[PDB]
Amino acid sequence: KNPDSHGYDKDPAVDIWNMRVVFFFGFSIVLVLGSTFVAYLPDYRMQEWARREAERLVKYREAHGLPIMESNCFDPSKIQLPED
Amino acid sequence: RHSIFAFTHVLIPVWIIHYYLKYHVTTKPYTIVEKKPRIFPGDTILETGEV
Amino acid sequence: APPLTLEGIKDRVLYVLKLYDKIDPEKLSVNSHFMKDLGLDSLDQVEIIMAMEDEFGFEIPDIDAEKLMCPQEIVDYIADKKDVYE
Amino acid sequence: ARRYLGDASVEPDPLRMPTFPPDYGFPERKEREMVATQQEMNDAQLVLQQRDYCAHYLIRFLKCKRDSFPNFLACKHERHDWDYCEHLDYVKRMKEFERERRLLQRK
Amino acid sequence: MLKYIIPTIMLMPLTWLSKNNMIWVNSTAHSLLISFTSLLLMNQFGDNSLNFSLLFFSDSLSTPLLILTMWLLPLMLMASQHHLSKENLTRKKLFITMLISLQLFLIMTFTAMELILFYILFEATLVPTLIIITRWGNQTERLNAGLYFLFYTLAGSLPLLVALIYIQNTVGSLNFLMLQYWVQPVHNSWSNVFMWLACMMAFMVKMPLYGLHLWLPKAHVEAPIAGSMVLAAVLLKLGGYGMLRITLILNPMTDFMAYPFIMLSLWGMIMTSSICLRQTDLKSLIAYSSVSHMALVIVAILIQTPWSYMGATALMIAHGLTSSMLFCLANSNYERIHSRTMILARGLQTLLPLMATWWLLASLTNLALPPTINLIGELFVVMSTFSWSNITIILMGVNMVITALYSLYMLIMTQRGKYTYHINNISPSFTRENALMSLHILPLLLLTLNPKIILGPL
Amino acid sequence: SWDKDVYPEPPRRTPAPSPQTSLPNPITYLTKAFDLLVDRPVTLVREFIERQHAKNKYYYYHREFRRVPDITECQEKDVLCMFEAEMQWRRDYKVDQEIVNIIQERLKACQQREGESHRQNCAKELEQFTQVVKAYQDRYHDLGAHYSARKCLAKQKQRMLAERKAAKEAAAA
Amino acid sequence: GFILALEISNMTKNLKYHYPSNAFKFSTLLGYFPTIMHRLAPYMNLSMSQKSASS
Amino acid sequence: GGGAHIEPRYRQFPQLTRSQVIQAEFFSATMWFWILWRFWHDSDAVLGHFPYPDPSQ
Amino acid sequence: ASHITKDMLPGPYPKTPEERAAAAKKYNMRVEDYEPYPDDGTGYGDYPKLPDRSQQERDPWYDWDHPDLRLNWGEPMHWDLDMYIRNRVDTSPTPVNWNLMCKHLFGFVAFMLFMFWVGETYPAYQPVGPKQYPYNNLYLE
Amino acid sequence: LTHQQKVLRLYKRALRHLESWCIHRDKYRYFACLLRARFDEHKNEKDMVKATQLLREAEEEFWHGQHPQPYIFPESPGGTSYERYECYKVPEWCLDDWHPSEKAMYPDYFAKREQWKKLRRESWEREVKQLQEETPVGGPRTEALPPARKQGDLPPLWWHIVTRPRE
Amino acid sequence: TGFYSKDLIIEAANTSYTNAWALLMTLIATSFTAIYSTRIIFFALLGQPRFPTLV
Amino acid sequence: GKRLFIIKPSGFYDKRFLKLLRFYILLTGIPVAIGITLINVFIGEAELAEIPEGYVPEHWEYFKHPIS
Amino acid sequence: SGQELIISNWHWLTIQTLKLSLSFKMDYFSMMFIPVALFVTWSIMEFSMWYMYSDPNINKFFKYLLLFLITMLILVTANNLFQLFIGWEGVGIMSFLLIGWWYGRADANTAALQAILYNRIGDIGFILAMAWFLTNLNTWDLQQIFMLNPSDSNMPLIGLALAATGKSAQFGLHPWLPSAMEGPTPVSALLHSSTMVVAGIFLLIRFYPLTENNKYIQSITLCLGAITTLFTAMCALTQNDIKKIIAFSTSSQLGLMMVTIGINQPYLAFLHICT
Amino acid sequence: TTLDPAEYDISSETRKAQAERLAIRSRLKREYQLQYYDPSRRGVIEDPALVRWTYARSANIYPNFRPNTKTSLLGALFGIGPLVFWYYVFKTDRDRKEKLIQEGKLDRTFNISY
């Protein structure tokens, strides 16, 4: 299909407008502004909260008496612990 | 010239790439991780020979 | 990068006639037909281009034997192979 | 390594030594050993297989490499003297099989 | 989904409502506009969890997977127009409406809030796919392949109903995945084998094992206008993900009989890619690539304990974009030479220079060149099943060897010459032929910058 | 920035130089020229933004949560209180990932700062870090129930095996 | 080697005119390893063991 | 072609450009001056040797 | 679209002269060494009567081949026998089946008996016997 | 392959594989008639096994000692840089679709393009008319009459008449 | 150039605990490196000019 | 003189293409580029500690970024 | 003064415990090898300005040579074993696009198929030792590996040795080089002098604080280095191409350099490549 | 080594009337060249040697197939064959690996991953 005209999708005219509805909508609004949207999207999975909150909580335990990485059975003697 | 061809290539990014470096060592809690000075006893000690 | 013309191929083919001691500089220029003084069956069909086997010698396939009887027919299709004169 | 006693600190990388680990040491003439200062040997950033003998002469040798910075030779004769420190060390070690061939024979 | 289904049903009385040949430009215009709205409320946070509205959505929280489902209706209409434009407008309006009608049920699928809402939507497909297989193909072996596409998918999925209704009146009700806090374990018995086995086997029939893959090079070989449901049928295969929803819970402690599914799908992986290097049909060459490194997820789901779910999620949409484009590379270059025989298309790479990059950057994603979405996926699977047993690096390593020699064999068949024939093949890969071949690698290498969006819970 | 107790280092200890020769040293040609060529387009521009950024300010706050219920509540058929005990629990596992990230960077701190000896010195890291990672996978890592993350349905029951099997069944401890 | 190469190269040049002697064992220059293995390993896998457990 | 500044031949030995031989002969002189520190002064093995340490008793 | 002689049938003894050639000119008059008898290994569904297999093989010899093209580039009319393994075939070499390559590594297989020993420079073999004593004989003094 | 030219195709290579063995130039040339002397033994005799023992024992001492990686004449069926000119490769008649402002360049070459096609587009009334006559039924090699008795046009027109030049 | 790389390694294998067939394989290979040199001398840089014409 | 005429297959469509990528990518890319440039200069976030937010805290916009 | 600097630039994703961002390394092989290798590549393009003087496809060859240097130079600067694996397989695909520079010529791109083939056998050892480092040491940043030297390194390093023989043209994988020379000249002037064959031994050089122990390692490496010497020696004689003669001599220099790891001389090894 | 390959043999006069096998291929080439040259084709020639090559390889193996032999029942030594062997290995690991993991320890303190 070439009657030596250019042609994009189907034919001569308003099928000419089919390029500027796929080029302009497809990328250049979605693959740019929508790609920008999740570039700086807010704190994902609440990790940015955890960064500073793990940053703070180290040196408070590290100061006086609280050890680090306990795994302390989550306040024992609330477990009755059936023997057998 | 050798004037506008050379100055546009190298001189501009060194202004850029330094700006993300000096404003960066005080932000990230680890900068470049430089080693020690590797000093011989020629500061406050003996030598002592050649015995 | 070096080009070529058709006045050089007429000389080199003619020179190795004179370089062979079997053939005098009294035979014809372009068409002595190689039977004027052929012999033998072998060594007058492939040996006649064994000098150009070293000089030009681009592997010269099996079809090149019996076309080479007419000594102008040698000169014909060397220009066809190596992308030559116009 | 001339002593086989215990180590107080549990620091690996055999700087926990008697004083200084030789290749074999000492063994006979002299039966002693000794070297440089271990508080300076750790103060100097220097790898292992460099805490052997002729180290204190080398710690003063390679200092002139920076103390004479745009230089071609800090001291070339001292390099022949540190080799003379090394060759006298090594020929002292070469007398093993001069002895061990003979001292293992009957008497 | 608050209303994503509600605009995308409103696309349907727009097509027939339109004028003449404007029906192509009217549909593709509005269909791109959902891609903002699809992103819009979704991708929120994020720490246990996003129950969305009601009994209709858990928002596809930890497995996004759904933005890719919405590219395609404005990706296939620009692809299908190559050889479709000889039929009537009354049927051209049909083939757009059932394609939207396939996207409708997939949108309430993947989210689905339940397990019995899943199944009736898991089976709500296969009617609009079968219409695209039987009508609108090429010469025959459509009709048996229309029946091989059934009777594997439907024979397996009916023992789901026997087991899912069995759970609904045994332990509370299955209606929520968040009423799945009370779960009794499933021990070793002679009835609890079959409860595990019938609930699992209907997912194996879509994402195939080495056995029962016999329908997969039937529907993809004999295939519609320009890959038009073949792009859909590759999503639908990876849209049998729901084993991630089920088997994480709901009989959690049966690894005792995982082994006939491991060894069948781990040795089959090293063979079913090896059995393709002598293919002579080009669309059947890709159709076995889709068998092999899809079946790597089956040994990545049954082996639990993430650093695998890091990778098993990234592999579902690894070749979601790759194997789509490879079909689009073969839906093109068939409009010009009317055979799919790979012998015949030689003499190329001189005639169409601009699409040489589209061959390579496709086939450079199977070699996978580590900063992509691909070798961030495999190298979590490799470092996972290493910790199962050390010996599995051998078979999975030879998997990496043969597919290197496999992908290039499709490239290097076009780097030859002198073309011998072919007064046709003139069309120099027009503006549409590069546009629908783009928008594949343009998101594929883009997401490699921050691929934290592509991760499970995990 | 931060606080140096979290990210320690010794002081720099740059010594006094020793030129000692009249041999031609290029160090006087290097640092005495090129530092000024970068000083103009960097320090003047960074200060220019620094007043322009001090034109107005923006605020964001600390986000501290409420911890009333903890672990063993509640009764079995409950949903609500056993939802809060998982919302309690999952925050106590994303955080405990990152405390291992902090101590690991502390191990990165010493070794590029000493480098040469690096084993017999700094005295602390290989003792501290392996008393934290050995205190990690016990009781805080569902190995191998890590797939469903099993909040309170298995996080207690490693620690039930750390009570029902441990400390009494040692025969006789 | 300076003595050894020349007195063989001159033996290839100015000796007593060695015959064009066919009797040489040349697995030397060929290696004999690419001749057999790249004529076996692409034939063993791609022909027998692929038409076995394909179609 | 465009410029025939080096002509083709019939084995008559086309020569050099009478300046290439100057750079050619210049870089044989710079290496045989560089045999200086090979002999003067550098020996075979400047180490010193042992005089057969047999008397160790 | 050609239906008459589309492909083979359940042969290969269905009056073999009628096959090559009704079409599919594998043989001229069923005596050409390629008459469609070659069902080698019947009971296998592979290669029926089949204007096809065990015909002479090992190469398109990938050379002159000058009627015009005759081998692999230039596509003659009906010469496909079995393919997809003839992309880069070779031929017989100057020797045949003297596997000196395993014998080439056999030289170090004999020198694996030299892996049992050590390589100490000082001294030599030292023909003394039990007077070498490589580590220690007696005490410190 | 006749018995007349059976020795000849072996005679071309008998000296050709020899010159890859020599080191001098005269080393080959001093051996020239010396290699010819064994070939000149049987000169004129019968064509049967009486003279086939020249060939039936020429398998030894030719195949035995045959060309240990010989010279290859680099533009050949084998050998390096033989079919290398392929990045260009002369894709002749790729000039169909242009969408011009790209047909602006070469106004005279496109002028001369439409001139030569009349021999290509109109030769089938003449060449194909005798082609059913000159070829009787199914005979051997399909060259036409070498002038085609008035004007050879061509038969090989134009794919062999205007074929790809090498560069 | 590489005298400070080549000589210092073959005389780093002087005193070693090697295979004792390794020094019988490394140092023998050094002798074979010499006939690499004069080979391209004796064929491209020594002999009478022999090649097809049009220099 | 040494002269010929080369044959290059088709380049106009590939030059008619590759514009529409590069045209439209600047049509909303470059207007978004000032939005990452100008908003950096005049707008930031600060700082820490804490504030106590009065009695009831702020709503969403707990983040520390211009557009987030 | 020394003062070596690694950096901490910019975060990639970070998963459960191990963070990988990216960094660089500046110790004895960055501040030494980089100007050396770059000075050659400065000198080599002028040849190809005259060697490729007539090619209308000129611009790709001065583009693909540029991307080849970047992914070669990202390898030696990396302190991250993941960042090595980027540069390990970036240089591999650059071979396929340069051996197969000329289209057609069915031995050319078949050799390019053989070129990428032996790199993937050379891949399988490297990904093996990548797996062993997580399962024990929780990471693969090269700092923390050198903190405690692992006890039984018998498993990972034999994989590192097999990946070393992938690109560095050892015996068993030797026929890759003599048919990789079929491309243009400044390709193979860059492909086998300075790059792509000294990278296979370079990975072992960086791992000197591990390879000094574990006597199963050293005897296998030095015996491997010896076999490559005489097998490349007795193959290069009576051989009739200039480029092939150089193709074996660049392989026999490796036969020294592989032995240089066996006898514990790490810096004498690296000093050979600089020359 | 694969193969001999029989590059010279004898003739003259074993069945000398064997000629005009070229008359087959000259007939095809006279058919092809007359087909290939034409002023308006715009498309490939069918050339059914390809058509009989795919369709006799893709289909027409299972309508051919009868299980009358045991060399097609040989596939139980090839299909289910190695799949038996991979099960034998993988349950010896993860059991011998399992008992050492429970009874006694093998891994160190810094094994958080896993």
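Letters are used for the chains, namely A, B, C, D, E, F, G, H, I, J, K, L, M and N, taken in the order the chains are written, and counting of residues starts over at 1 for each.
Keep in mind that, in the parts below, a contact is a pair of C-beta atoms (placed from the backbone, for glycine too) under 8 Å apart; a residue touches a chain by one contact, two chains touch by 3 or more.
For each chain, UniProt lists the protein as follows: D = NADH dehydrogenase [ubiquinone] 1 beta subcomplex subunit 7; E = NADH-ubiquinone oxidoreductase chain 4; F = NADH dehydrogenase [ubiquinone] 1 beta subcomplex subunit 10; J = NADH dehydrogenase [ubiquinone] 1 beta subcomplex subunit 9; N = NADH dehydrogenase [ubiquinone] 1 beta subcomplex subunit 4.
Peer 1: Which number of steps is the smallest that gets you from subunit I over to subunit M via touching chains?
Peer 2: When the steps are counted carefully, the minimum from subunit I to subunit M is 1.
Peer 1: If I average the Cα coordinates per chain and compare with the overall Cα mean, which chain comes out closest?
Peer 2: Central chain is M.
Peer 1: C-H versus B-F: which has more C-beta pairs touching?
Peer 2: It is B-F, judged by the count of C-beta pairs in contact.
Peer 1: What is the distance, in whole Å, between the centres of subunit B and subunit J, each centre taken as the mean of its C-alpha atoms?
Peer 2: 69
Peer 1: Could you please state the distance in Å, as a whole number, between where the Cα atoms of subunit B are centred and where those of subunit E are centred?
Peer 2: Result: the chain centres lie 52 Å from each other.
Peer 1: Could you grab the centroid distance between subunit E and subunit N? Build each centroid from C-alpha atoms only and quote it in angstrom.
Peer 2: Each chain's C-alpha centroid was found; their separation is 28 Å.
Peer 1: So the centre of each chain is just the mean of its C-alpha atoms; given that, what is the distance between subunit A and subunit B in Å?
Peer 2: The mean C-alpha positions of subunit A and subunit B differ by 36 Å.
Peer 1: Where does subunit D touch two or more other chains at once, residue-wise?
Peer 2: 45-46, 66-67, 94
Peer 1: Pull out every residue in subunit L that's touching 2 or more other chains.
Peer 2: Residues 2, 6, 9-10, 13, 16, 20-21, 63.
Peer 1: What positions in subunit H touch 2 or more of the other chains?
Peer 2: Residues 1, 8 of subunit H each touch two or more of the other chains.
Peer 1: Taking the complex as given, what residues does subunit J use to touch subunit N?
Peer 2: 3, 59, 120-121, 124, 128, 131, 135, 138-142, 155-157, 159
Peer 1: Tell me, which parts of subunit I touch subunit M in their complex?
Peer 2: The touching residues are 62, 87-88, 104, 108, 115.
Peer 1: Once bound in the complex, which stretches of subunit D touch subunit F?
Peer 2: 11-13, 15-16, 42, 45-47, 66-71
Peer 1: Spell out the residues on subunit J that touch subunit K in their complex, using ranges where they run on.
Peer 2: Listed in rising order, the residues of subunit J that touch subunit K are 23-25.
Peer 1: Write out the stretch or stretches of subunit G touching subunit I in their complex.
Peer 2: My answer: residues 26-27, 30, 32-33, 35-36, 39, 42-43, 46-47, 51, 55.
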